[PDB]
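Chemist: starting from these lines, generate the structure:
(6 chains, ligands or ions: 17)
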Amino acid sequence: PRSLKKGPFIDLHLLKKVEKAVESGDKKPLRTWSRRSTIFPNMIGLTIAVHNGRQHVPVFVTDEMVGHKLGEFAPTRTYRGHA
Amino acid sequence: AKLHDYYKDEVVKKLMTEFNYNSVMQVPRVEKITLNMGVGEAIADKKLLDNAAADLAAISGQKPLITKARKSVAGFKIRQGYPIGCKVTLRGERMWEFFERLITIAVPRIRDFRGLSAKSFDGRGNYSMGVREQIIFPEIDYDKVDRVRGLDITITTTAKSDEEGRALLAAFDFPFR
Amino acid sequence: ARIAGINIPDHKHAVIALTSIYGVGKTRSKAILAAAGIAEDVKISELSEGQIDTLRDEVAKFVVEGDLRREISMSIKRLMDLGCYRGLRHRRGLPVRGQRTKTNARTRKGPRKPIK
Amino acid sequence: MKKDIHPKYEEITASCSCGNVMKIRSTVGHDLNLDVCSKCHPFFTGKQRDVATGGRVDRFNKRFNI
RNA sequence: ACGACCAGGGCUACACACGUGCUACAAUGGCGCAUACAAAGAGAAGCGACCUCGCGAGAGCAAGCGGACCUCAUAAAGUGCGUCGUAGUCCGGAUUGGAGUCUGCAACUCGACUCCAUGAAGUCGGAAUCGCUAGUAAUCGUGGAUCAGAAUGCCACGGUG
RNA sequence: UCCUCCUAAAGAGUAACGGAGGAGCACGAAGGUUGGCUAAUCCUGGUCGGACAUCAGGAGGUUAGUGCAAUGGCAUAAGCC
Ligand SMILES: [Mg+2]
Ligand SMILES: [Mg+2]
Ligand SMILES: [Mg+2]
Ligand SMILES: [Mg+2]
Ligand SMILES: [Mg+2]
Ligand SMILES: [Mg+2]
Ligand SMILES: [Mg+2]
Ligand SMILES: [Mg+2]
Ligand SMILES: [Mg+2]
Ligand SMILES: [Mg+2]
Ligand SMILES: [Mg+2]
Ligand SMILES: [Mg+2]
Ligand SMILES: [Mg+2]
Ligand SMILES: [Mg+2]
Ligand SMILES: [Mg+2]
Ligand SMILES: [Mg+2]
Ligand SMILES: [Zn+2]
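Modeler: Residues are numbered from 1 along each chain as shown, chains lettered A, B, ... in the order given. Ligands and ions are numbered 1, 2, ... in the order given. Below is the structure in question.
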């Protein structure tokens, strides 16, 4: 993982979109290609449509979803089985 | 009979208060404790039954009654009359002294003990629990034994309801939860 | 010879029979015996019961069998309930850490499953 | 009770690490030294402490400052 | 547009089959402490002492070096003493959880390493099959290229033999 | 050849190449006596333990049992120790 001295990581355009949806108080799904951004505690309660390579799957943000990144909730390989 | 004296002096006064019974004979009381080991594997060998009865004879100092099959079932490959388990009925002072050694020694010797259930009172006050492993009693030597048995305890009391027995064991600080 | 719920073999040494505890290893067993002042070359035999009580207090300083198994199951079911990639790997039975599943995933996948 | 078929059931003393000296009737014969008793078992404090969920937001804010 | 630009994903998937390798199943050994003997290489957007802090990977300050000068860099196997005493073990280390470091805009998919805990299979391998004739096989470590980072592969080096 | 039920018409008996089933034994205790006991099934709770072993309680009240076919009996048990 990343060093603590660097802190977390998040895209600036994402942190501005979070700050906008916070101040506006709108619950629109934020579509986002930032699969590498760590979730912040101010992101709790938002639908964020994480890209997977092909489309945007919506992720409601939970308390437990704080210390992770957005890509963990957007699986990129679809596998059902061989038979 | 130490807990029997503690029953007779403080539990009856407590329950008469917390239920507002008309008579003192209306209070619950414990009647018997039954110690079963269902040994369905003794059809393989008698020695497993014969040694499981030896361990439980050490727990409660009575010779166990070897129980047999009431009828025959084929899913278990048993016939009517095979010795299939062992039981011990405990009454009186030997009941109270086992119940003291139980709630004082053996329940703390449970691995990962985290409480009992209050949902095991068979709708009519009679409590039933089952232990996974006989080594929680200190009567059994750990090197000397070879096979992990298990038994089940059935406390039969005179409480009509389920809560009057729950309050009775809680008056004996029985670790429900 | 009975620490933290379970029994402990007497013929082995101190650090090893302590390492029989689910939650300690040779490191933490050295930290236990160093905090109890007990030499490592002694057995669980020829120990004072006061030394074993000091040992029980030192083991009680850490997280062990029932607590540790509860915490491990809580972390796994936290990933299960989140539905992250690690949760999906934990419930598909597949390796979590990014290993290969084309070949050599036999620890998580068990023995071979023949094509029928 | 019957006479011979039963094992010996004799009053002995069982002392514990919390110093809970307790005399019980048992089939052990020798005296007993315990590890935990019902007085000193962590059923009333330790199992309550041993859940220990902890917070994820608090972990996040703990790891740094803005 | 079968051309060009960008983000994200993929080339790392997984009922399975094969090839080439690594580590093992231990006592001709795992352990701990002490200690002896190498060669050949690389280094400036680099190698990075000493000292301090950290259990640690590492961090800070910071000399010296375009290098028979300085650095990578203490060779390990070995030997001496004690230890385990045949067990799925003080063998084996997979797997998984938690805490971290570093590189790099950025380690979710998808990095390496460290610490604590965890401790699978495996007790010498069916039919079958491979390499090797002497400083060889076997075994033991070392270095380099590629490379921000990322080898059990490759290319080289000496030790025992 | 023998047993049981129906046909068989409320005493007995009563036929058909009429309708349905069994027997050609067993037991030295599965007999005698004294003493005692009372089922099937289901519900709940409960270690391994599972639809179903054993254990405790409750409903039920013979729907069970009778060495074997059926019928008639059987709690004073003819049933079970
Ligand atoms: Mg351990
Ligand atoms: Mg791209
Ligand atoms: Mg490829
Ligand atoms: Mg090892
Ligand atoms: Mg050596
Ligand atoms: Mg040694
Ligand atoms: Mg095996
Ligand atoms: Mg072996
Ligand atoms: Mg590199
Ligand atoms: Mg290089
Ligand atoms: Mg060589
Ligand atoms: Mg007539
Ligand atoms: Mg007539
Ligand atoms: Mg008869
Ligand atoms: Mg009679
Ligand atoms: Mg049941
Ligand atoms: Zn105590």
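Chemist: which one is residue B:30 nearest to, not counting chain neighbours?
Modeler: Among residues not flanking residue B:30 along the chain, residue B:157 sits closest, at 4.9 Å (Cβ to Cβ, 6 or more residues apart in numbering or on different chains). All C-beta spots, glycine's among them, are computed from the backbone N, C-alpha and C.
Chemist: quick check: residues of chain C near chain B?
Modeler: Proximity of chain C to chain B, by Cβ under 8 Å from any Cβ of the partner chain, involves residues C:5, C:6, C:7, C:65, C:66, C:69.
Chemist: show me where chain C has its helices.
Modeler: Using DSSP state H, the helices found in chain C span residues C:14-19, C:26-36, C:49-59, C:65-82, C:85-92, C:106-109.
Chemist: can you tell me the centre-most residue of chain A?
Modeler: In chain A, the centroid-proximal residue (Cα atoms, centre = their mean) is residue A:70; its distance is 3.3 Å.
Chemist: ok, what's across the strand from the nearest residue to it once chain neighbours are set aside?
Modeler: Nearest residue to residue A:70, sequence neighbours excluded (Cβ to Cβ, 6+ apart): residue A:50, at 4.8 Å. With DSSP bridges as the criterion, residue A:50 is bridged to residue A:32, residue A:57.
Chemist: report whether the longest helix seen in chain D contacts RNA strand E.
Modeler: Selection of the longest helix in chain D by residue count, based on DSSP H, yields helix D:56-62. Yes: residues of helix D:56-62 contacting RNA strand E under Cβ under 7 Å from any atom of the strand: residue D:59.
Chemist: which residues of chain D lie near chain C?
Modeler: So far as Cβ under 8 Å from any Cβ goes, chain D lies against chain C at D:17, D:33, D:35, D:50, D:51, D:52, D:53.
Chemist: as a markdown table, the residues you listed with neighbour count would be great.
Modeler: A markdown table is the format used below for those (neighbours: other Cβ atoms under 10 Å in any protein chain shown):
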| residue | neighbour count |
| --- | --- |
| D:17 | 17 |
| D:33 | 13 |
| D:35 | 21 |
| D:50 | 17 |
| D:51 | 12 |
| D:52 | 10 |
| D:53 | 8 |
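Chemist: how close does residue D:18 sit to chain B?
Modeler: In this view, residue D:18 and chain B are 11 Å apart by Cβ to the nearest Cβ, to the nearest Å.
Chemist: scratch that, residue D:61 is what I was asking about
Modeler: Distance of residue D:61 to chain B, computed by Cβ to the nearest Cβ: 32 Å.
Chemist: skipping adjacent residues, who's closest to that residue in space?
Modeler: residue A:41 (6.9 Å).
Chemist: quick check on that neighbour: phi, psi?
Modeler: Backbone torsions of residue A:41, given as degrees, to the nearest 10, read phi -70, psi -20.
Chemist: hmm, residue A:67 and it touching each other?
Modeler: No: the pair residue A:41 and residue A:67 fails to qualify as a contact (Cβ atoms under 8 Å) at a distance of 9.5 Å.
Chemist: please identify every residue contacting each of those two.
Modeler: Counting by Cβ atoms under 8 Å, 6 or more residues apart in numbering or on different chains, the common neighbours of residue A:41 and residue A:67 are residue D:60.
Chemist: pull the number of nearby residues for the nearest residue to residue C:89 once chain neighbours are set aside.
Modeler: Leaving aside its chain neighbours, residue C:89 sits nearest to residue C:96 (4.3 Å; criterion: Cβ to Cβ, 6+ apart). Neighbour count for residue C:96, taken as other Cβ atoms under 10 Å in any protein chain shown: 14.
Chemist: CA atoms only: put stretch C:18-28 into PDB for me.
Modeler: Extracted in PDB, the C-alpha atoms of stretch C:18-28 (Å, rounded to 0.1, in the frame of the first residue of the first chain):
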ATOM      1  CA  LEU C  18       3.500 -22.000  24.300                       C
ATOM      2  CA  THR C  19       3.500 -21.800  20.500                       C
ATOM      3  CA  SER C  20       0.900 -24.500  20.600                       C
ATOM      4  CA  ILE C  21      -1.400 -21.600  21.500                       C
ATOM      5  CA  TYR C  22      -3.300 -20.300  18.500                       C
ATOM      6  CA  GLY C  23      -2.200 -16.700  18.400                       C
ATOM      7  CA  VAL C  24       1.400 -16.900  19.600                       C
ATOM      8  CA  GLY C  25       4.500 -17.900  17.700                       C
ATOM      9  CA  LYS C  26       8.200 -18.200  18.600                       C
ATOM     10  CA  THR C  27       8.600 -14.400  18.700                       C
ATOM     11  CA  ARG C  28       5.700 -13.700  20.900                       C
END
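Chemist: is that stretch anywhere near chain D?
Modeler: No: counting by Cβ under 8 Å from any Cβ, chain D has no neighbours in stretch C:18-28; the shortest distance is 12.4 Å.
Chemist: buried set for that stretch?
Modeler: Under the neighbour-count criterion of 16 or more other Cβ atoms under 10 Å in any protein chain shown, stretch C:18-28 has C:18, C:19, C:21, C:23, C:24, C:28 buried.
Chemist: picking up where we left off before, quick check on the residue nearest to residue B:30: phi, psi?
Modeler: Note on residue B:157: backbone dihedrals following degrees, to the nearest 10 are phi -120, psi 170.
Chemist: go on, residue B:59?
Modeler: Taking degrees, to the nearest 10 as the convention, residue B:59 sits at phi -70, psi -60.
Chemist: just to check, residue B:82 is in contact with residue B:68?
Modeler: Yes: using Cβ under 8 Å, residue B:82 is in contact with residue B:68, at 6.1 Å.
Chemist: compare these two (neighbour count), which wins?
Modeler: Shown here are residue B:82 and residue B:68; by other Cβ under 10 Å, residue B:82 has more neighbours (16 against 13).
Chemist: could you pull out the strands for chain D?
Modeler: Using DSSP state E, the strands of chain D run over D:10-15, D:22-26, D:32-33.
Chemist: count of neighbours near the closest residue to residue C:91 other than its chain neighbours?
Modeler: Excluding its sequence neighbours, the residue lying closest to residue C:91 (Cβ to Cβ, 6+ apart) is residue C:80, at 6.0 Å. Residue C:80 is flanked by 15 other residues according to other Cβ under 10 Å.
Chemist: which residues does residue C:80 contact?
Modeler: Residue C:80 makes contact with C:87, C:90, C:91, according to Cβ under 8 Å, 6+ apart.
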